[PDB]
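A structural walkthrough
Residue strings, one per chain:
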Amino acid sequence: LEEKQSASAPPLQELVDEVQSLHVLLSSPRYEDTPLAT
Amino acid sequence: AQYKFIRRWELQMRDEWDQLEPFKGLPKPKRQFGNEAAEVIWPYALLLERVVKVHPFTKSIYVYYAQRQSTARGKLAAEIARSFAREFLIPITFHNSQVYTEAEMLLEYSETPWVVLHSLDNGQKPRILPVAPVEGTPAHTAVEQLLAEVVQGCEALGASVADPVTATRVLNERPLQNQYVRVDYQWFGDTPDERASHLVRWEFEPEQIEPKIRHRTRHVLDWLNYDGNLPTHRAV
Amino acid sequence: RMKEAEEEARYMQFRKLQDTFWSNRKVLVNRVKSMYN
Amino acid sequence: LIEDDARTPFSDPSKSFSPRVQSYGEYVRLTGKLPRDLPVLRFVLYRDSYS
Amino acid sequence: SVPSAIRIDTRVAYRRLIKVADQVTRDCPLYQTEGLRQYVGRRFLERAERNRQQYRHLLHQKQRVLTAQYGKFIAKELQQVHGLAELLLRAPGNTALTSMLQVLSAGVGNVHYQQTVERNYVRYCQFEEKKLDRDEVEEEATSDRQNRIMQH
Amino acid sequence: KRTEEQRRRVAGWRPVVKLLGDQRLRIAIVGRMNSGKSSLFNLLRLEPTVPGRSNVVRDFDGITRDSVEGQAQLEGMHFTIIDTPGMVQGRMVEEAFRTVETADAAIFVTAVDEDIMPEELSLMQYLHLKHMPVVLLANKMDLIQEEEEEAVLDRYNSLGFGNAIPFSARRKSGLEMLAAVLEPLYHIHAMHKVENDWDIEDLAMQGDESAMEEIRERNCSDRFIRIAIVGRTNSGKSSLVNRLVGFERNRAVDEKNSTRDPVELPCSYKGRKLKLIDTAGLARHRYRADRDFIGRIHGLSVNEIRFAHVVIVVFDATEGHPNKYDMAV
Amino acid sequence: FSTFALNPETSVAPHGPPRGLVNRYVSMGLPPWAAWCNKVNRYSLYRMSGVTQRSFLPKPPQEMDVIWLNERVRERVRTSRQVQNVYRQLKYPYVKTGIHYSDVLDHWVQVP
Amino acid sequence: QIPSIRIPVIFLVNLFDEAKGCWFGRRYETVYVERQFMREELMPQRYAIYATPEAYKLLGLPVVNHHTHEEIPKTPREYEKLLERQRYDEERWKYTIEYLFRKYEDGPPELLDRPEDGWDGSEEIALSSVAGXXXXXXXXXX
Amino acid sequence: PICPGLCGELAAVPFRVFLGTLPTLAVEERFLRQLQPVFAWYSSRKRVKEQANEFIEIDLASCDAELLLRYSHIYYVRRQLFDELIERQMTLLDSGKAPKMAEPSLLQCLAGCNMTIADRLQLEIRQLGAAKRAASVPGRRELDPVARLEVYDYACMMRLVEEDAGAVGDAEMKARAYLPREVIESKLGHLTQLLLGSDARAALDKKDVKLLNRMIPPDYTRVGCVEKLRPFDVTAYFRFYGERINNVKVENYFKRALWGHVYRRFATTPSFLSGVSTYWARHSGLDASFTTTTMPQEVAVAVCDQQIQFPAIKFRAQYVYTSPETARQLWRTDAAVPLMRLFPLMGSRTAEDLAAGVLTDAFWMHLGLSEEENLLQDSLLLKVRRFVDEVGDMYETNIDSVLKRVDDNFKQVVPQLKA
Ligand SMILES: *P(=O)(O)OCC(C)(C)[C@@H](O)C(=O)NCCC(=O)NCCSC(=O)CCCCCCCCC
Ligand SMILES: Nc1nc2c(ncn2[C@@H]2O[C@H](COP(=O)(O)OP(=O)(O)OP(=O)(O)O)[C@@H](O)[C@H]2O)c(=O)[nH]1
Ligand SMILES: Nc1nc2c(ncn2[C@@H]2O[C@H](COP(=O)(O)OP(=O)(O)OP(=O)(O)O)[C@@H](O)[C@H]2O)c(=O)[nH]1
Ligand SMILES: [Mg+2]
Ligand SMILES: [Mg+2]
Ligand code: NA
Ligand code: NA
């Protein structure tokens, strides 16, 4: 592995990314155990 | 022809035993074209005369030299690299027990042989050093200067490490690498205890030295030929 | 000393479980203060 | 592990031992998940001479 | 290097063999999804390469009369293939044949292990076919003897 | 040490007694020295007739000096398994060469604590020449870690033998998996017996004399006469049983205590089924008290006397008057 | 997991003879395992240190006839099986009458 | 368990063994002979004298100390060690780097090309053999 | 080595070539002694270990087959390779049953070209026959120096005669030492920039990079080693890079082949190779004290003459693949090198390749630019541009107008026998 590796060697996008990530964290059933303050 | 097959197997096994009678448990070295310095039986006297140590943070040392050269200086440098690979490579790994050393003869034209040094850090780039022997310096001092250069390179590579704590930890948890060295223990001893029998060894372990035999007191008394403050029996 | 840090990691989960339970009780008792007042 | 016999000394490699428990283990309460839409819990309480 | 008719016939034979192999895998439980399909493919391709090499060596009116013998040899090989297919189709009923197919699909041991199981499969099927006849005629003989004894 | 003068005499041995031969599946446990061959044989053997008899096992190089055969039972499969001495000095003994050639199959057992020395490569290629069915069984599987199983098992698959079987003789794991591999051979050998049983019956109806005498051997249903040969060490009793069978079946060397596991051999003498059972050399208590392992081997010697039908005690006649301990026997 | 196997994570109390005793023995000259003797005191340690030899000659040095070079009769002790008993036996060297040939005088000469 | 040691001895005359048909030792030659042999047969007939530096000096040969009986072997292993040490002291040139690599001084023998005089065309060998995931798609609005 | 860079997209076709029965690896010893300039590729190739036999897994579709056949020097293994090649080609053609055919009027000129080539055939086969009887020399040693010359050893004999014409020892390796791939790609990008301002691609396609990794012999994969290319590999790479970087449409493959052959001539030119080549350690930054970054002129001239020699055998080997009906005949009767890299480029493609090659070679001989100096001059580049665009347009407009040029240019490039 060593030998082979040495031989080989406010934007709208981010805003909508935050929107999608927050919606996922809110509506996901895996995160249903999130504390109420969070 | 079954008896002939059995005879062939016996002959092959007899040759194998003649080759590795004291060399059964160690692994076999790489069967390359430049690593001929490993399959040969090394004299322990020569290995003791050639004792050289490198920085503890290095893990791999390879040398690459061409088989056929075009220039006179290229032939000289290739001869220097070959002499170094045949003289100082095996002592380095045998006396460091941490580094893996390898030599290679490339079937091409390369007037400048080189040596690569890999440290214990996986993210750190290896150090490459070309063999440029001075024309005025003979082969002996040229090989000596090459050895000094590679030792200084290993020292720099080990001093430029990122995290010495993790370097030392991976050094501790790295297995052995000098298992392939075939050495002939000649008139010096078979086991390190008999080898260093002329020196007091204070580095021991209590649970290791504790014998586990039945009636160990009786056996130790018999071995020491010591009375043990025990009254003699009848003896009359 | 590193094995000692591994012992805390086993019980550190439960100490976090106790804090969040009261944090839920503090935020819920705040909601009923707005509903009834 | 405690010694199993007294006649044989600790020097014998064939010494037999027996395991005896010091603590049966550690236990913690079980706390189920609390729903958000139903935080209010209703229960019945039976008390005998408790204020 | 092989005539088109022979190529078509051997493709039909290999298709039938693969159909029978998958049918066996689905009917009796083969614990691997690949099963004996890969082993059958390897063996058939090896025999195909061997026969093609033999045909290349034989190509050297003598060639015309040898082509007929080679075609008849290939026809016999394909009839043996059909027999193998029928035996595999009847295999799921018997328990030993299923175990043999399972060990051939798993591929444990050396080649001589798999070869002895491969070659002896047809012989074991024929042995089971003859066992019923032998035991039936023996039971009929014993029944006739017992009847003629009861008459005496 | 084999010499042309010695090997010429062995060829002139005439069988005093006829070996019965194997009528069931034969499997030889082939492997290296101290690889768990005897321990694997203990889990597989099942002899309710001689319960005290077992295969000796110890974490030492060269515990099994001589081969031993016995009946084994595994998931309703009746067959016999042969224990073979490990490759000593990187070579097999002559008693083990002729023994593994009689077996139908073989189980190549290898341990993972030590790498594959060039001796197994010689033995594996030796079994390749005989065209014998061999299965690779990786013993001592419990020593390997979970994250290391994929590395070692990829190597055992590259030795020509496909899909090596993981097995642990101590934890008895993989026993139900080794049984499934032997299932086809059991039905195969059962197929060979009945077909050969049909051939020997047609010749009997023809009038062949060699076929009628063979049927009478199978038609003979009598209780076995277990005849054991016991005696003091260095007395020649193992060398005697080799003269009975007609070849060097057991090992017989000048050094004392060359047999460490009793060996049983089914034979037929004048139409009487009998079993010649080798035994280890008995010894006094003042010689076996300090020597613990010899006391265990002597324990297996006295046990075979309790189940032997006819005991034949041998003693060195060159001494003249027999030994005092030989009378106590 | 087996409860009868000692837990490798824990560590039992050290029981064997300590660094002090082992270092004292190895500095006296005996091997480190030699600390496994029986009932040693100051005088027994002085005796087992070997500073003086427990040997002698069959005759006084002025009355010696057989040639002995660096040879002294020794005493080997062997403790019995059970306990507390020992057998002490003397051990004599291998006297072999050498019959050599002298270069100064012709005829050979023999001497024990 | 002391093995049979062989001692060095300086011969004074060309001794020819009649039985085996060879020379025991040339004149002024240092031979490793049996102890009993030298003591009972060679010494009395004055055919050889013990090899010592003073004997070499008296005979005029170049002095050399073989260190006889310096390490009295109590075991064949120690005897082998002593013989190896004596062999080294005799030929230190046997244990140099150039002699250790005399076989590989020209390179790999497999790499070296050797001329062939002849061969039988029927010895050629011609054998043929049989030669037989998923991820996620992440989109970013831009 | 009939055509450097004549590569086509095709599936991998594996084959297990025998190596020897252990422990007597006789053929392996022969390979170690003979395959020295290609031992890097030999070690890079995968090894297959049977129960008691050893096999090398070689891909016939790749350049590995031709590379082994050129340096084989072992008659039985090379004849078995030849037979396997021709048999699998016959089977693939029989299974395809639909090869692309060229225009019949174009194949007539190429058919008439084979008439004048038989004389040069008779001369070059005599050159190949004397090299076969030179096995006793320690340089090149064959197994049978008295056996009759056959069809399969044409590559070995041609390489031996090229070495004898170069008269310098190990010219191929001496050139690979000074020819590294990175600087070659950089200067080839510079050349395609100088030739086409905007009509050149920004880079090479990834599929074509995979194809080139398939068709180029692999070097050592060590940390300090640098990828180095033999002069033949450099010529092939130049031709393929040109013919794949030119932005001519796929329907006008003639212009792409013309660009490829122009690049091939640029590569085979000695002065261009000397100007482009640099030392590998100089490129990597290891050694800079030699100051010898220039390629040896004698070795350059020798390795260029190596590719210059033997045009007739290459022309006939390509005419074999020009038509499949004549391929089945000439594969086992006349001279033919059955390379799998030429089969996917069927009749039309290979005929356009032959036409572009002869036109480019004749234009090269007419200019004589390989004589004076400095192929990188603006006047010469503009002449090349005008030539290639004129030839492409003339081929697209009228077939006979360029067929007459092809005929005269063939007569010019391959001269008739003189005494
Ligand atoms: P394509 O059409 O180009 O391929 C055609 C092939 C088949 C390659 C022919 O060129 C060819 O090789 N033809 C002659 C060979 C032939 O017909 N072979 C038929 C094989 S019969 C046979 O014996 C194979 C049976 C193997 C069965 C294995 C059973 C295993 C069960 C456990
Ligand atoms: N961990 C582990 N040890 C085993 C296993 N099987 C055998 N051993 C050990 O291996 C050692 C030798 O056991 P044996 O059964 O005598 O092996 P053997 O091949 O018959 O030995 P020889 O007759 O001398 O060749 C003993 O310590 C056994 O406990 C196993 O499956 N796992
Ligand atoms: N002189 C002579 N020696 C014999 C004869 N038969 C056997 N021996 C020798 O007796 C010795 C002992 O042989 P074994 O067969 O191993 O005797 P054993 O009783 O099985 O020995 P243990 O297994 O150790 O108990 C060997 O050296 C034999 O060669 C004989 O008939 N005459
Ligand atoms: Mg055993
Ligand atoms: Mg015995
Ligand atoms: Na053992
Ligand atoms: Na004996």
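Residues numbered from 1 in each chain as written, not as in the entry; some residues may be left out. Chains lettered and ligands numbered in written order. Part of a larger assembly, values for the part shown. Heavy atoms only, no water. Residues with missing side-chain atoms left out of burial classes, pairs and counts.

With the PDB entry as reference, chain H is termed RIBOSOMAL_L9 domain-containing protein, source organism Trypanosoma brucei brucei.

1. Points about the overall build of chain C
Keep this limit in mind: Secondary structure elements are defined from DSSP: runs of H or I of at least 4 residues count as helices, runs of E of at least 2 residues count as strands, and each element is numbered from the N terminus. For every accessible area listed, the method is Shrake-Rupley and the probe measures 1.4 Å; residues are considered covered only by the protein chains on display.
When helices and strands are counted, chain C shows one helix and zero strands. Reported as C-alpha extents along the three principal axes, the dimensions of chain C are approximately 55 × 10 × 5 Å. By element, 53% of the accessible surface of chain C is carried by carbon and sulfur atoms, the whole surface being about 3,800 Å².

2. Let's talk about the overall build of chain H
What counts here: Just to be clear, the radius of gyration here is over C-alpha atoms, and the globule rule we use is 2.2 Å times residues to the power 0.38.
Each helix and strand in chain H was counted, giving four helices and five strands. Counting helices and strands in the order they occur from the N terminus, chain H gives β-β-β-β-α-β-α-α-α. The C-alpha radius of gyration computed for chain H amounts to 31 Å, which surpasses the reference 14 Å derived for 142 residues by more than 25%, pointing to a less compact arrangement than a globule. Viewed in the frame of its principal axes, chain H has a C-alpha envelope of about 110 × 55 × 35 Å.

3. Description of the coordination of the sodium ion (ligand 6)
Residue and element names in this part refer to chain F. Put simply, the rule reads: Metal coordination here is assigned from N, O and S atoms located within 2.8 Å of the ion, or within 3.2 Å for Na, K and Ca; omission of water means that sites may look incomplete.
Taken together, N34 (ND2), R58 (O) and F60 (O) make up the full set of protein donors to the sodium ion (ligand 6), lying 2.6 to 3.0 Å away. We note that the donor set of the sodium ion (ligand 6) lies within a single chain, spaced as N-x23-R-x1-F. Taken as a pair, the sodium ion (ligand 6) and the magnesium ion (ligand 4) lie 5.1 Å from each other.

4. Things to note about the site of ligand 1
Residues and elements named next belong to chain E. As a reminder, the rule being used: Neighbouring residues are identified by heavy atoms, a residue being near a molecule or strand if any of them is within 4 Å of it. Any N or O atom pair separated by 3.5 Å or less is treated as a polar contact, with the protein-specific requirement of one donor-capable and one acceptor-capable atom, and with residues adjacent in sequence counted only for side-chain atom pairs. All residues other than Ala, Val, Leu, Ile, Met, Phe, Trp, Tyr, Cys, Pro, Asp, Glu, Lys and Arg, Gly among them, are scored as polar; the first ten of these are nonpolar and the last four charged.
Close to ligand 1 lie 18 residues, the nearest being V2, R11, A48, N51 and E77. The separation between an oxygen atom of ligand 1 and a polar side-chain atom of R7 is 3.4 Å. Protein coverage of the free-state accessible area of ligand 1, which is 810 Å², stands at 82%. With seven residues, the single largest contributor to the shell around ligand 1 is helix α2 (residues 36–58). A per-class count over the shell around ligand 1 returns nine nonpolar, two polar and seven charged.

5. Some details on the pattern of salt bridges
Condition: Put simply, a salt bridge is a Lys or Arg side-chain nitrogen that is within 4 Å of an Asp or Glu carboxyl oxygen. The cut-offs for exposure are 20% and 50% of the maximum accessible area for each residue type, with area from a 1.4 Å probe on protein chains only; residues under the lower value are buried, those over the upper are exposed, and the others partly exposed.
Using the criterion set out here, one finds 68 salt bridges over all chains in the structure. The closest approach of N and O atoms between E47 of chain F and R53 of chain F, which form a salt bridge, is 3.7 Å. Residue classification places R53 of chain F among the buried residues on the basis of a relative accessible area of 6%. When the shortest N-O distance is used, the salt bridge between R181 of chain I and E227 of chain I registers 2.8 Å. One end of the pair, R181 of chain I, is in helix α9 (residues 181–195); the other, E227 of chain I, is in the loop between α10 (206–215) and α11 (231–245), with 46 residues separating them in the sequence. On the accessibility criterion, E227 of chain I (36% relative accessible area) is partly exposed.

6. Side note on the site of ligand 2
Residues and elements named next belong to chain F. Surrounding ligand 2, one finds 22 residues, the nearest of these being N34, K37, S38, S39 and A169. Interatomic distance of 2.8 Å between a backbone N/O atom of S38 and an oxygen atom of ligand 2. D142 is positioned such that a nitrogen or oxygen atom in its side chain is 3.4 Å from a nitrogen atom of ligand 2. For ligand 2, whose accessible area on its own is 640 Å², the fraction buried by protein is 93%. At three residues, helix α2 (residues 37–44) tops the list of elements feeding residues into the shell around ligand 2.

7. Some details on the interface of chain G and chain B
What counts here: Only heavy atoms matter for contacts: two residues are in contact if any of them lie within 4.5 Å across the pair. Buried area: the accessible area, evaluated with a 1.4 Å probe, that two parts lose upon being put together, summed over both parts.
Taken together, the contact pairs 30 residues of chain G with 25 residues of chain B. Of the roughly 2,900 Å² buried between chain G and chain B on both sides combined, carbon and sulfur atoms contribute 61%. For chain G, the biggest contributors to the area lost against chain B are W33, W36 and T79 of chain G; these three give 24% of the whole. Viewed at the interface, chain B and chain G are joined by three salt bridges.

8. A look at the sheet that holds strand β11 (residues 310–314) of chain F
All names here are of chain F. Under the convention used in this document: Strand pairing follows a simple DSSP-based rule, namely that at least 2 bridges must link the two strands.
With mixed pairing, the five strands of this open sheet are ordered in space as β1-β9-β10-β8-β11. Unpaired on one side and paired on the other, β1 (18–19) and β11 mark the two borders of the sheet. Sheet topology places β1 next to strand β9 (residues 264–269); two bridges connect them, and they run antiparallel. Counterpart to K18 in the pairing with β9 is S268.

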